[PDB]
Amino acid sequence: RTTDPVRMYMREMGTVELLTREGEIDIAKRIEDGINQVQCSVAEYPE
DNA sequence: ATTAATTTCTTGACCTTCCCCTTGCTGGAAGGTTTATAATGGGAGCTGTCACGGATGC
């Protein structure tokens, strides 16, 4: 509905919601869970 | 129609740079990697540009 790519980039930014401190450490814990799932699943690999 | 003293040709025998390299650093240039308090909706015309068609919405 516009012609500037940075304004619809700001629209796509405003589609998603920001984080508080507890949200920041929750997304950090989700990153930790996504890392540790591969870290424990690679322990079952013979290579 | 002949050849003997000059005058060129040819061949070793010498003469330079170009470039890579000598041990031992010394400096310069190109490319990639962290740094761990708090950092969360950014920014910039310029119109005082006017009169056409080509596509959009009643």
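Residues numbered from 1 in each chain as written, not as in the entry; some residues may be left out. Chains lettered and ligands numbered in written order. Part of a larger assembly, values for the part shown. Heavy atoms only, no water. Residues with missing side-chain atoms left out of burial classes, pairs and counts.

cryo-EM is the method the PDB entry states for this structure, with the resolution given as 4.22 Å.

A. Summary view of the pattern of salt bridges. Applying the stated criterion across every chain, the model contains one salt bridge. For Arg 7, the salt bridge identified is with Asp 4, shortest N-O distance 3.6 Å. For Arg 7, a relative accessible area of 58% translates into the label exposed. Take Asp 4: its relative accessible area is 27%, and that puts it in the partly exposed class. (Salt bridge = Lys/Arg side-chain N within 4 Å of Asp/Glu carboxyl O. Buried < 20%, exposed > 50% of the residue type's maximum accessible area, 1.4 Å probe, protein only.)

B. How the structure looks around the protein's contact with DNA strand B. Neighbouring residues of DNA strand B: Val 6, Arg 7, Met 10, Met 13, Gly 14 and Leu 19. Within 4 Å of the protein, the contacting atoms of DNA strand B are drawn from sugar and phosphate to the extent of 5%. At 2.7 Å, a side-chain N or O of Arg 7 approaches a base nitrogen of DNA strand B. With respect to DNA strand B, the backbone of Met 10 contributes an N or O atom lying 3.4 Å from a base nitrogen. Residue composition of the surface near DNA strand B, by class: four nonpolar, one polar and one charged. (Near = heavy atom within 4 Å. Polar contact = N/O pair within 3.5 Å; in protein donor to acceptor, adjacent residues only side chain to side chain. Nonpolar A, V, L, I, M, F, W, Y, C, P; charged D, E, K, R; others polar.)

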